[PDB]
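Below: one structure, written as structure tokens.
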Amino acid sequence: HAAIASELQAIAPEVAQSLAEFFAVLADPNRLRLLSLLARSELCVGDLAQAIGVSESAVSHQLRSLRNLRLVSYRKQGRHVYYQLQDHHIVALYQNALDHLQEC
Amino acid sequence: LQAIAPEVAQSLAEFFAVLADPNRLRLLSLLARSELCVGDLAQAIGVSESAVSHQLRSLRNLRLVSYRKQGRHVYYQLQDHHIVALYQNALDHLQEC
Ligand SMILES: [Zn+2]
């Protein structure tokens with residue numbers, strides 16, 4: 001019987017359901033490759049396409065759902081559109097997940 | 001630059017896939033605040049000790065949780081601090097969005 005076992009309670013089923021869906025969104029090798037690039041630098045669709053070795057149309061399409069899913073965001077500067085990870089939570093959960101499997 | 005190797009991306013994808021389980025997340029949400037014995041978790045979750053023990057076996061094999069011996073009790077805890085951090089960050093991100 002842990003010291004504070006009586007003081008704890010699990011996350012609500014609705015919250016756990018929403019969190020599970022979030023992780024389901026990340027269980028995609030293609031999405032993770034794109035996020036691995038944005039974790040190190042903000043990049044334009046042109047740079048991402050060259051790195052992953054796919055067309056700009058393909059990256060642009062994948063980035064759309066990523067944007068809708070609130071995993072990435074973008075900023076416009078002059079004639080360029082730079083994509084970035086949504087927030088620091090995204091890079092942290094990404095880096096921690098990777099470090100975890102590296103540490104096993 | 002270069003993206004992560006394809007097998008690394010695949011392993012990471014499978015890792016997030018195992019986390020896409022509401023029941024596992026409820027268990028992890030408890031361990032995120034304290035290591036706990038099977039009895040404490042079973043009562044918190046409202047399920048039998050046998051059930052939680054079974055759920056924990058899977059989590060152990062998946063390297064999400066570990067256990068240790070402290071006196072006359074076995075306590076389960078999250079495998080490492082990375083699990084702690086990714087859980088909290090994912091949760092906070094969802095709470096603000
Ligand atoms: Zn966030």
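Naming works like this for the structure tokens: A, B, ... for the chains as they're shown, residue 1 at the start of each chain, ligands 1 onward in shown order.
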
Would you give me, as a Markdown table, each residue of chain A having an atom within 7 Å of an atom of chain B, along with its shortest atom pair and that distance in Å to one decimal, using only C-alpha atoms and sorting by chain and residue number?
```
| residue | atom | partner | partner_atom | distance |
| --- | --- | --- | --- | --- |
| A:1 | CA | B:37 | CA | 6.1 |
| A:2 | CA | B:36 | CA | 5.4 |
| A:5 | CA | B:40 | CA | 6.0 |
| A:8 | CA | B:30 | CA | 6.9 |
| A:9 | CA | B:44 | CA | 6.1 |
| A:10 | CA | B:26 | CA | 5.4 |
| A:11 | CA | B:26 | CA | 5.8 |
| A:16 | CA | B:22 | CA | 4.9 |
| A:17 | CA | B:22 | CA | 5.2 |
| A:19 | CA | B:91 | CA | 6.7 |
| A:20 | CA | B:20 | CA | 4.0 |
| A:21 | CA | B:20 | CA | 6.2 |
| A:23 | CA | B:20 | CA | 5.1 |
| A:24 | CA | B:20 | CA | 5.1 |
| A:26 | CA | B:16 | CA | 6.1 |
| A:27 | CA | B:13 | CA | 3.9 |
| A:28 | CA | B:13 | CA | 5.2 |
| A:29 | CA | B:9 | CA | 4.7 |
| A:32 | CA | B:9 | CA | 5.9 |
| A:33 | CA | B:3 | CA | 5.3 |
| A:34 | CA | B:3 | CA | 7.0 |
| A:36 | CA | B:3 | CA | 5.7 |
| A:37 | CA | B:3 | CA | 5.4 |
| A:51 | CA | B:2 | CA | 5.5 |
| A:52 | CA | B:3 | CA | 6.5 |
| A:89 | CA | B:89 | CA | 4.9 |
| A:92 | CA | B:86 | CA | 6.7 |
| A:93 | CA | B:86 | CA | 4.0 |
| A:96 | CA | B:82 | CA | 4.9 |
| A:97 | CA | B:82 | CA | 6.5 |
| A:98 | CA | B:12 | CA | 6.7 |
| A:100 | CA | B:82 | CA | 5.8 |
```

**Item:** Residue neighbourhood residue 65 in chain B, 8 Å, only C-alpha atoms, exclusion window fewer than 6 positions, as a list in words
**Value:**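 That gives residues 56, 59, 76, 77, 78, 79 and 80 of chain B.
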
**Item:** Residues near range 66-76 of chain A, cut-off 6 Å, only C-alpha atoms, skip fewer than 5 positions along chain, as a ChimeraX atom specification
**Value:** /A:81-86

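Compared by their closest atoms to ligand 1, and using only C-alpha atoms and all ligand atoms, the residues A:90, A:39, A:104, A:4 rank with A:90 nearest.
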
**Message:** I'd like to know which residues of range 2-88 of chain A are strand (DSSP E) (by DSSP, run on the backbone); could you write them as a PyMOL selection string?
**Reply:** chain A and resi 72-77+80-85

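Separating CA of residue 62 in chain A from CA of residue 31 in chain A is a distance of 7.4 Å.
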
**Message:** Residues near residue 60 in chain A, anyone? I mean within 10 Å using only C-alpha atoms, not counting same-chain ones fewer than 2 positions away, as a ChimeraX atom specification.
**Reply:** /A:44-46,48-49,55-58,62-66

Pull N, CA, C and O atoms from the residues just selected and write them as an mmCIF file, in the first residue's frame.
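Saved as result.cif:
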```cif
data_model
loop_
_atom_site.group_PDB
_atom_site.id
_atom_site.type_symbol
_atom_site.label_atom_id
_atom_site.label_comp_id
_atom_site.auth_asym_id
_atom_site.auth_seq_id
_atom_site.Cartn_x
_atom_site.Cartn_y
_atom_site.Cartn_z
ATOM 1 N N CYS A 44 10.751 24.812 -44.723
ATOM 2 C CA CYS A 44 9.726 25.031 -45.732
ATOM 3 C C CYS A 44 9.428 23.674 -46.356
ATOM 4 O O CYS A 44 10.213 22.730 -46.209
ATOM 5 N N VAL A 45 8.288 23.572 -47.034
ATOM 6 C CA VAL A 45 7.881 22.327 -47.672
ATOM 7 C C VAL A 45 8.957 21.856 -48.643
ATOM 8 O O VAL A 45 9.167 20.661 -48.806
ATOM 9 N N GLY A 46 9.644 22.801 -49.274
ATOM 10 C CA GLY A 46 10.700 22.444 -50.203
ATOM 11 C C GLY A 46 11.824 21.687 -49.516
ATOM 12 O O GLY A 46 12.291 20.663 -50.024
ATOM 13 N N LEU A 48 11.685 20.092 -46.573
ATOM 14 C CA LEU A 48 11.178 18.837 -46.034
ATOM 15 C C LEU A 48 11.124 17.785 -47.141
ATOM 16 O O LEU A 48 11.607 16.662 -46.968
ATOM 17 N N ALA A 49 10.552 18.153 -48.283
ATOM 18 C CA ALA A 49 10.447 17.232 -49.409
ATOM 19 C C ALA A 49 11.814 16.679 -49.823
ATOM 20 O O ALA A 49 11.950 15.483 -50.091
ATOM 21 N N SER A 55 7.816 14.278 -53.081
ATOM 22 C CA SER A 55 7.404 15.505 -53.746
ATOM 23 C C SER A 55 6.851 16.528 -52.762
ATOM 24 O O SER A 55 6.396 16.178 -51.672
ATOM 25 N N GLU A 56 6.897 17.795 -53.163
ATOM 26 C CA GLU A 56 6.394 18.887 -52.341
ATOM 27 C C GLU A 56 4.886 18.767 -52.141
ATOM 28 O O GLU A 56 4.354 19.157 -51.097
ATOM 29 N N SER A 57 4.195 18.223 -53.139
ATOM 30 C CA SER A 57 2.751 18.039 -53.044
ATOM 31 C C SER A 57 2.437 17.025 -51.948
ATOM 32 O O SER A 57 1.498 17.197 -51.171
ATOM 33 N N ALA A 58 3.240 15.967 -51.893
ATOM 34 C CA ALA A 58 3.063 14.919 -50.897
ATOM 35 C C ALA A 58 3.292 15.453 -49.488
ATOM 36 O O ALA A 58 2.515 15.169 -48.578
ATOM 37 N N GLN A 62 0.613 15.847 -46.325
ATOM 38 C CA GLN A 62 0.821 15.272 -45.001
ATOM 39 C C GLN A 62 0.796 16.364 -43.941
ATOM 40 O O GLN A 62 0.285 16.164 -42.837
ATOM 41 N N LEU A 63 1.343 17.525 -44.282
ATOM 42 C CA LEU A 63 1.390 18.638 -43.341
ATOM 43 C C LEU A 63 0.007 19.197 -43.034
ATOM 44 O O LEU A 63 -0.215 19.785 -41.972
ATOM 45 N N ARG A 64 -0.929 19.009 -43.956
ATOM 46 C CA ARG A 64 -2.274 19.519 -43.739
ATOM 47 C C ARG A 64 -2.932 18.849 -42.539
ATOM 48 O O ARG A 64 -3.470 19.532 -41.668
ATOM 49 N N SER A 65 -2.899 17.520 -42.486
ATOM 50 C CA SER A 65 -3.507 16.819 -41.355
ATOM 51 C C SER A 65 -2.722 17.118 -40.085
ATOM 52 O O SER A 65 -3.302 17.250 -39.008
ATOM 53 N N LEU A 66 -1.405 17.243 -40.217
ATOM 54 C CA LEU A 66 -0.549 17.551 -39.074
ATOM 55 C C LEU A 66 -0.962 18.907 -38.513
ATOM 56 O O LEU A 66 -0.967 19.113 -37.297
#
```

**Request:** Take CA of residue 6 in chain A and CA of residue 46 in chain B and report the distance between them in Å, one decimal.
**Result:**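 A separation of 13.1 Å between them.
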